[PDB]
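Chemist: So that you have it, the file is model-v4.cif, and it contains mmCIF, C-alpha atoms:
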data_my_file
#
loop_
_atom_site.group_PDB
_atom_site.id
_atom_site.type_symbol
_atom_site.label_atom_id
_atom_site.label_comp_id
_atom_site.auth_asym_id
_atom_site.auth_seq_id
_atom_site.Cartn_x
_atom_site.Cartn_y
_atom_site.Cartn_z
ATOM 1 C CA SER A 1 -26.607 58.462 182.272
ATOM 2 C CA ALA A 2 -28.065 61.956 182.522
ATOM 3 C CA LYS A 3 -30.230 62.173 185.629
ATOM 4 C CA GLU A 4 -27.751 62.558 188.435
ATOM 5 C CA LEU A 5 -24.330 63.671 187.328
ATOM 6 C CA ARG A 6 -21.321 63.969 189.501
ATOM 7 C CA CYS A 7 -17.783 64.875 188.611
ATOM 8 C CA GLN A 8 -16.282 62.932 185.711
ATOM 9 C CA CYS A 9 -13.403 62.502 188.074
ATOM 10 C CA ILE A 10 -14.407 62.994 191.693
ATOM 11 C CA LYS A 11 -10.812 62.830 192.727
ATOM 12 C CA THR A 12 -7.522 62.749 190.965
ATOM 13 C CA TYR A 13 -4.715 60.249 190.974
ATOM 14 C CA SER A 14 -1.267 61.689 191.382
ATOM 15 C CA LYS A 15 0.825 59.416 189.188
ATOM 16 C CA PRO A 16 3.242 61.089 186.754
ATOM 17 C CA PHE A 17 3.552 59.401 183.403
ATOM 18 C CA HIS A 18 4.680 60.181 179.847
ATOM 19 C CA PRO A 19 2.521 60.833 176.716
ATOM 20 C CA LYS A 20 3.749 57.483 175.349
ATOM 21 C CA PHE A 21 2.136 56.001 178.416
ATOM 22 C CA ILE A 22 -1.108 57.718 178.028
ATOM 23 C CA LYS A 23 -3.164 56.873 175.098
ATOM 24 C CA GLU A 24 -6.275 58.742 176.014
ATOM 25 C CA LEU A 25 -6.785 62.087 177.559
ATOM 26 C CA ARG A 26 -10.076 63.839 178.227
ATOM 27 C CA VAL A 27 -10.287 67.233 179.869
ATOM 28 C CA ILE A 28 -13.475 67.991 181.751
ATOM 29 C CA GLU A 29 -13.950 71.588 182.828
ATOM 30 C CA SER A 30 -16.332 72.614 185.638
ATOM 31 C CA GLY A 31 -19.742 71.329 184.705
ATOM 32 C CA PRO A 32 -23.322 71.607 185.912
ATOM 33 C CA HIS A 33 -22.255 68.515 187.796
ATOM 34 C CA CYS A 34 -19.059 69.630 189.415
ATOM 35 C CA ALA A 35 -17.625 73.122 189.689
ATOM 36 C CA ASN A 36 -14.110 71.804 189.304
ATOM 37 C CA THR A 37 -11.663 70.878 186.552
ATOM 38 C CA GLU A 38 -10.916 67.215 186.051
ATOM 39 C CA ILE A 39 -8.631 65.306 183.726
ATOM 40 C CA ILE A 40 -9.655 61.810 182.689
ATOM 41 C CA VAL A 41 -6.961 59.552 181.226
ATOM 42 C CA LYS A 42 -6.153 56.166 179.891
ATOM 43 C CA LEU A 43 -2.700 54.748 179.981
ATOM 44 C CA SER A 44 -2.242 52.023 177.490
ATOM 45 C CA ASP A 45 -0.288 49.884 179.854
ATOM 46 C CA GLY A 46 -1.469 51.970 182.670
ATOM 47 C CA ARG A 47 -5.236 51.689 183.156
ATOM 48 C CA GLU A 48 -7.726 54.535 183.025
ATOM 49 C CA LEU A 49 -7.269 56.988 185.867
ATOM 50 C CA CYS A 50 -8.020 60.527 186.987
ATOM 51 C CA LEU A 51 -5.404 63.276 186.765
ATOM 52 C CA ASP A 52 -4.509 66.487 188.547
ATOM 53 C CA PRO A 53 -4.594 69.253 185.870
ATOM 54 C CA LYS A 54 -2.572 71.430 188.208
ATOM 55 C CA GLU A 55 0.331 69.065 188.477
ATOM 56 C CA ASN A 56 3.221 69.973 186.181
ATOM 57 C CA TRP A 57 4.002 66.447 185.021
ATOM 58 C CA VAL A 58 0.473 66.306 183.714
ATOM 59 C CA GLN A 59 0.897 69.623 182.063
ATOM 60 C CA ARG A 60 3.509 68.088 179.860
ATOM 61 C CA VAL A 61 2.012 64.720 179.315
ATOM 62 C CA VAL A 62 -1.299 66.236 178.367
ATOM 63 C CA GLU A 63 0.158 69.120 176.406
ATOM 64 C CA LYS A 64 2.464 66.855 174.516
ATOM 65 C CA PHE A 65 -0.322 64.342 174.185
ATOM 66 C CA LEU A 66 -2.754 66.763 172.572
ATOM 67 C CA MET B 1 -2.842 67.244 164.578
ATOM 68 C CA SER B 2 -4.635 70.309 166.001
ATOM 69 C CA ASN B 3 -4.925 73.817 164.423
ATOM 70 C CA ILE B 4 -6.165 77.327 165.344
ATOM 71 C CA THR B 5 -4.581 79.915 167.767
ATOM 72 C CA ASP B 6 -1.842 82.563 167.370
ATOM 73 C CA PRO B 7 1.113 83.900 169.370
ATOM 74 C CA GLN B 8 3.433 81.547 171.339
ATOM 75 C CA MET B 9 7.138 80.542 171.562
ATOM 76 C CA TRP B 10 9.149 78.029 173.601
ATOM 77 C CA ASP B 11 7.655 74.628 174.556
ATOM 78 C CA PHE B 12 7.835 70.949 173.692
ATOM 79 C CA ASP B 13 9.326 67.669 174.877
ATOM 80 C CA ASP B 14 7.521 64.916 176.704
ATOM 81 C CA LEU B 15 7.756 63.283 180.136
ATOM 82 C CA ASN B 16 8.743 64.971 183.402
ATOM 83 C CA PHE B 17 10.122 63.200 186.457
ATOM 84 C CA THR B 18 9.860 62.217 190.064
ATOM 85 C CA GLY B 19 7.064 59.786 190.793
ATOM 86 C CA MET B 20 5.848 57.295 188.181
ATOM 87 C CA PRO B 21 2.502 55.636 187.393
ATOM 88 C CA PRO B 22 0.334 52.602 187.415
ATOM 89 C CA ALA B 23 -0.227 51.516 191.062
ATOM 90 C CA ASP B 24 -3.604 52.485 192.382
ATOM 91 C CA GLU B 25 -5.802 55.180 193.608
ATOM 92 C CA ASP B 26 -8.193 57.084 191.263
ATOM 93 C CA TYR B 27 -11.926 56.459 190.787
ATOM 94 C CA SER B 28 -15.213 58.022 189.645
ATOM 95 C CA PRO B 29 -18.665 57.149 188.212
#
Please re-express this file's structure in structure tokens.
Modeler:
Amino acid sequence: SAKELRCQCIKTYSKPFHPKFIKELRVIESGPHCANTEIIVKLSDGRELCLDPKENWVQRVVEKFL
Amino acid sequence: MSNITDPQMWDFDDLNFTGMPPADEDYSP
């Protein structure tokens, strides 16, 4: 949908996991929708959540993911 | 796989600690 766009992740979910946990990562930088930075994720066992790009556990899991 | 960039040093290993995951909270649309 491209009429009214809000953040790809309006909030974040503060649950530290490991790259083996997370099978999809998508990094959304401040858009014309939301002037913030948002990490979208899918954990294979672990659902598809929103992540805090500022949180160090993520920094690893995403870094080591990519 | 990746590629591109230049300069660096240090880094690598996966995980972290404290906390955990699954559970609930998160959302968007």
Chemist: Going by the chain IDs and residue numbers used in this file, which residues fall under the PyMOL selection byres ((chain B) within 7 of (chain A))? Write them as a list in words.
Modeler: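 Going through the file, the PyMOL selection byres ((chain B) within 7 of (chain A)) ends up selecting residues 12, 13, 14, 15, 16, 19, 20, 21, 22, 25, 26, 27, 28 and 29 of chain B.
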Chemist: Nearest to residue 54 in chain A among A:31, A:42, A:25, A:37, with distances taken over only C-alpha atoms: which residue is it?
Modeler: A:37
Chemist: Can you tell me how far CA of residue 41 in chain A sits from CA of residue 23 in chain A, in Å to one decimal?
Modeler: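 A separation of 7.7 Å between them.
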Chemist: Distance CA of residue 34 in chain A-CA of residue 2 in chain B, one decimal place?
Modeler: 27.5 Å
Chemist: For a test of reading the model, state the distance in Å between CA of residue 3 in chain A and CA of residue 32 in chain A, rounded to one decimal.
Modeler: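 CA of residue 32 in chain A lies at a distance of 11.7 Å from CA of residue 3 in chain A.
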